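Data first, discussion second: the structure below is written as structure tokens.
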Amino acid sequence: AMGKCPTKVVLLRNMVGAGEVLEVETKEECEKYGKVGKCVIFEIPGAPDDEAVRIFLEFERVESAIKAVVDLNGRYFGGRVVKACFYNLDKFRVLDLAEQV
């Protein structure tokens, strides 16, 4: 599974439903793990409520991404259980953000 392979890009699922609108706020929260290159919120218009909103964080170093996944996977956030994993760097760069993880 793509989600298990360590990269600089972290995918956060089930952090919020559709919607609200966060990119600056999540990015600011994830600075504790290290420098964040960018943050992309992608909404799948399907879609199960715990998979509708994908939040991507590209860290400047892989160390920061790993720390974030370990710290946030399984975390309780406003009644929701967050799923954190890695995402393929190449897929992220061409904005192919709907891949199975």
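The chains in the structure tokens are called A, B, ... from first to last as shown; in each chain the residues are counted from 1, and the ligands are counted from 1 in the order shown.
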
Find the residues around residue 54 in chain A up to 7 Å (only C-alpha atoms counted), leave out those fewer than 2 positions away in its own chain, and share them as number ranges by chain.
A: 11-13, 41-43, 51-52, 56

Write the selection just made, keeping N, CA and C atoms, as a PDB file, in the first residue's frame?
```pdb
ATOM      1  N   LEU A  11      -0.600  12.364   4.279  1.00  0.00           N
ATOM      2  CA  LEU A  11      -2.043  12.467   4.051  1.00  0.00           C
ATOM      3  C   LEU A  11      -2.812  12.250   5.366  1.00  0.00           C
ATOM      4  N   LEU A  12      -3.663  13.215   5.686  1.00  0.00           N
ATOM      5  CA  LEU A  12      -4.527  13.147   6.839  1.00  0.00           C
ATOM      6  C   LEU A  12      -5.959  12.949   6.345  1.00  0.00           C
ATOM      7  N   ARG A  13      -6.576  11.851   6.782  1.00  0.00           N
ATOM      8  CA  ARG A  13      -7.979  11.559   6.483  1.00  0.00           C
ATOM      9  C   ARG A  13      -8.816  11.636   7.776  1.00  0.00           C
ATOM     10  N   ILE A  41      -5.650  21.044   0.736  1.00  0.00           N
ATOM     11  CA  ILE A  41      -6.894  20.410   1.157  1.00  0.00           C
ATOM     12  C   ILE A  41      -7.619  20.012  -0.107  1.00  0.00           C
ATOM     13  N   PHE A  42      -7.911  18.725  -0.232  1.00  0.00           N
ATOM     14  CA  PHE A  42      -8.580  18.199  -1.404  1.00  0.00           C
ATOM     15  C   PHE A  42      -9.864  17.482  -1.014  1.00  0.00           C
ATOM     16  N   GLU A  43     -10.972  17.898  -1.607  1.00  0.00           N
ATOM     17  CA  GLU A  43     -12.263  17.315  -1.285  1.00  0.00           C
ATOM     18  C   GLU A  43     -12.754  16.409  -2.414  1.00  0.00           C
ATOM     19  N   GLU A  51     -13.900  10.090   4.473  1.00  0.00           N
ATOM     20  CA  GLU A  51     -12.939  10.088   3.375  1.00  0.00           C
ATOM     21  C   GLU A  51     -13.108  11.268   2.415  1.00  0.00           C
ATOM     22  N   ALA A  52     -14.159  12.058   2.620  1.00  0.00           N
ATOM     23  CA  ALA A  52     -14.451  13.212   1.773  1.00  0.00           C
ATOM     24  C   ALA A  52     -13.295  14.210   1.731  1.00  0.00           C
ATOM     25  N   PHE A  56      -3.294  17.206   2.725  1.00  0.00           N
ATOM     26  CA  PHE A  56      -1.919  16.866   2.424  1.00  0.00           C
ATOM     27  C   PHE A  56      -0.966  17.903   2.992  1.00  0.00           C
TER      28      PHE A  56
END
```

Name the residues of range 15-79 of chain A that fall into alpha helix (DSSP H) according to DSSP on the backbone, using the chain letters and numbers of this document, as a VMD selection string.
chain A and resid 23 to 29 62 to 72

Contact residues around residue 60 in chain A with only C-alpha atoms at 12 Å, ignoring same-chain residues under 4 positions, as a VMD selection string
chain A and resid 7 to 10 31 33 to 39 64 to 66 89

Generate the output file for the selected residues, C-alpha atoms, as a short mmCIF file (atom, residue, chain, number, x, y, z; two decimals), in the first residue's frame.
```cif
data_model
loop_
_atom_site.label_atom_id
_atom_site.label_comp_id
_atom_site.auth_asym_id
_atom_site.auth_seq_id
_atom_site.Cartn_x
_atom_site.Cartn_y
_atom_site.Cartn_z
CA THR A 7 7.94 10.12 2.05
CA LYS A 8 7.96 13.88 2.75
CA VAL A 9 4.17 14.00 2.04
CA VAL A 10 1.65 13.17 4.75
CA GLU A 31 4.87 23.10 12.33
CA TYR A 33 6.93 18.32 13.50
CA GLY A 34 9.20 20.53 11.34
CA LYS A 35 9.10 22.94 8.39
CA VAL A 36 6.05 22.44 6.13
CA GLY A 37 6.70 23.14 2.44
CA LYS A 38 3.00 23.36 1.60
CA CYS A 39 -0.50 22.18 2.55
CA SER A 64 9.20 15.68 10.00
CA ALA A 65 6.69 13.69 7.94
CA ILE A 66 7.48 10.48 9.83
CA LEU A 89 5.70 12.25 -3.86
#
```

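Residue nearest residue 86 in chain A within the list A:100, A:22, A:69, A:74: A:69 [criterion: smallest interatomic distance, only C-alpha atoms].
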
Using only C-alpha atoms, which of A:55, A:50, A:97, A:44 sits nearest residue 26 in chain A?
A:55
